[PDB]
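A single chain comes next, written as structure tokens; it is the form deposited in one PDB entry.
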């Protein structure tokens, strides 16, 4: 089981940095097995789903990256419009190194 304190902290901080504090009471994380995806978001239920099968492999920065990406879908919509990718780069200048560690971990054991 992944420590909830770490997840609560990253969620709160990312919501604050993405100027989504007005939606703070509605946004939550749920951990469950997902098929062919690391994370998803229910835009109606304001719920971020993290794949239970990959979560024990992730670093704290990787979790922060995943949560930032799903919240940017809540903020901007379905497609990675210019404003989406620039906000993601602003939070993660090392975006490229995060994604290579992310891919290597999805390859599993």
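Positions refer to the first chain, counted from 1. So that the term is clear: the rigid core is the largest set of C-alpha atoms that superpose within 1.5 Å between two forms.
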Please compare 76-84 with 53-61 and say which has the higher mean C-alpha temperature factor in the record. 53-61
Would you determine, from the values in the PDB entry, which of 36-44 and 67-75 has the greater average C-alpha temperature factor? 36-44
Using the temperature factors of the C-alpha atoms in this entry, rank residue 99 within its chain: lowest, middle or highest third. highest
State the tercile, meaning the lowest, middle or highest third, of residue 106 with respect to the CA B-factors recorded for its chain. highest
Residue 1's Cα B-factor: lowest, middle or highest third of the chain? highest
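From this point on, the text means the form deposited in another entry, which you will not see here.
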Against the rigid core, is the Cα displacement of residue 81 between the shown form and the other one at least 2 Å? yes
At a 2 Å cut-off on C-alpha positions, does residue 45 qualify as shifted between the shown form and the other one after fitting the rigid core? yes
Residue 16: Cα shift of 2 Å or greater between the shown form and the other one (core-aligned): no
Taking the shown form as reference, are the C-alpha positions of residue 51 and residue 81 brought closer or pushed farther apart in the other entry, with a change of 3 Å or more? farther
In the other entry, do the Cα atoms of residue 98 and residue 56 sit closer or farther apart than here, given a shift of 3 Å or more? farther
